[PDB]
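Using mature numbering (1 follows the signal peptide of the UniProt record, and there is no 0), the letters of the sequence shown correspond one by one to residues 70 to 399.
No residue lacks a Cβ here, since even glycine has one placed at the ideal position from N, Cα and C.
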Amino acid sequence: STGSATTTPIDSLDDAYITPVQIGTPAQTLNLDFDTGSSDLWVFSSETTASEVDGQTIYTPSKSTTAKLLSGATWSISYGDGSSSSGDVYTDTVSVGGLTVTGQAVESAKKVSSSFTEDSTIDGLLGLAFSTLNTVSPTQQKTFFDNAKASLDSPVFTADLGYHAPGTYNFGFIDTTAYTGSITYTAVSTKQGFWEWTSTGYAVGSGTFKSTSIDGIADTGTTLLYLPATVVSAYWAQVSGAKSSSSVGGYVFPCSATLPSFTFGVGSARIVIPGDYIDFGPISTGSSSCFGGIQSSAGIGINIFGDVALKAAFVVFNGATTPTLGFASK
């Protein structure tokens, strides 16, 4: 089997991407944030505290003839940005882009933190990291991909995120028309439960490539590119007037600037992030100070190849017995 679904930016900055997911019978379609940095499929629901729902579409398990309460199971998650959610668990039929899993754990939120309430466009998350990170207790549950894998034509999924435009998540096949050149594959460590890999270096603009190992995670659920402070300083030094602002919480730059590109290495291959992808717009409405899309990972404890990086590539998440990642230009 295969599946293919379009993923759409939630706003004009590409702060996140939403993909429609069919849950239950008859189907209830919710727009979920596909997150290769976590491993829970959780949704706003008829059980979510009413004051914590503000415009999201909810899953109502009592209206699904295939929903079954997973007796005694609870979940609770906290994300790297400080947000969190928790609740109980159903199993139900879940379909993405024509690919159907029966008996998928659907984690129904009883509580969500304010950042989720305040974002009316995201109805929940669909985790695509390794199932070892799943938070369901006392019986850990499998991700959608883990449940689908054995049925897929090939045990892979691909992320093709758009810049200021929709893109595609495919399951079970590699669309050879979706990229240019070749896909360069690179080793993955699953020891922390992430799609963790080592970039071979970077360049700023037209500058020389610096060969240096940068361990980090491929994370579709993180907006920005978080790299070591040395790398980030080297980038922003090429933007007149850019500086790190402690009060804003990162590097800012004059909105009048033209940003240089940023290149990262995948083996001997190179992925070029155009400068425009690094502009996240005014820090507050009407400001002439703009927020940068490349930020320091110092204090986060891991480097994160988030959407800023991934949207410059066609990315293969190869879930074979020994997982690997693939990157192609596009």
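Could you check where the beta strand (DSSP E) with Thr-171 kicks off and where it finishes? 168 to 181
Which term fits residue 416, buried or exposed, when burial requires 16 or more other beta carbons within 10 angstroms of its beta carbon? Because the chain spans 70 through 399 in this model, residue 416 falls outside it and cannot be assessed.
Pick helix, strand or coil for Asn-216, following the three-state DSSP scheme. helix
Reduced DSSP secondary structure (H/G/I, E/B, other) of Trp-111: strand
When burial is assigned at 16 or more other CB atoms within 10 Å of the CB, is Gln-125 buried or exposed? buried
Please classify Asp-376: is it buried, with 16 or more other beta-carbons within 10 angstroms of its beta-carbon, or exposed? buried
In whole angstroms, give me the CA-to-CA distance for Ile-243 and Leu-194. 24 Å
Completely contained alpha helix (DSSP H) runs for the region 261 to 329, where each covers 4 or more residues: 298 to 305
Using the Cα positions of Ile-347 and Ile-363, report the straight-line distance between them to the nearest angstrom. 6 Å
On the premise that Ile-146 lies in contact with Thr-204, defined as a C-beta separation below 8 Å, what is that separation, rounded to the nearest angstrom? 5 Å
Checking 9 Å against the spacing of the C-beta atoms, do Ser-268 and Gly-334 come in under that value? yes
Minimum C-alpha distance to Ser-133 - residue among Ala-247, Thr-162, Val-181: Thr-162
What residues in its chain sit with their C-beta under 6 Å from that of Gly-166, if we drop five residues either side in the sequence? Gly-72, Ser-73, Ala-74
Between the region 136 to 146 and the region 108 to 123, can you find at least three pairs of beta-carbon atoms closer than 8 Å? yes
One question on the structure: do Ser-140 and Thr-129 come within less than 9 Å of each other, judged by their Cβ atoms? no
Selected residue, minimal CA-CA separation from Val-385, among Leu-230, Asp-192, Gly-310: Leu-230
My output table needs one value for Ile-191: the three-state DSSP class, helix, strand or coil. coil
Under the three-state DSSP convention, the category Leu-394 falls into: strand
With a CB to CB cut of under 6 Å and the five nearest residues on each side skipped, what residues in its chain are close to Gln-210? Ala-174, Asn-203
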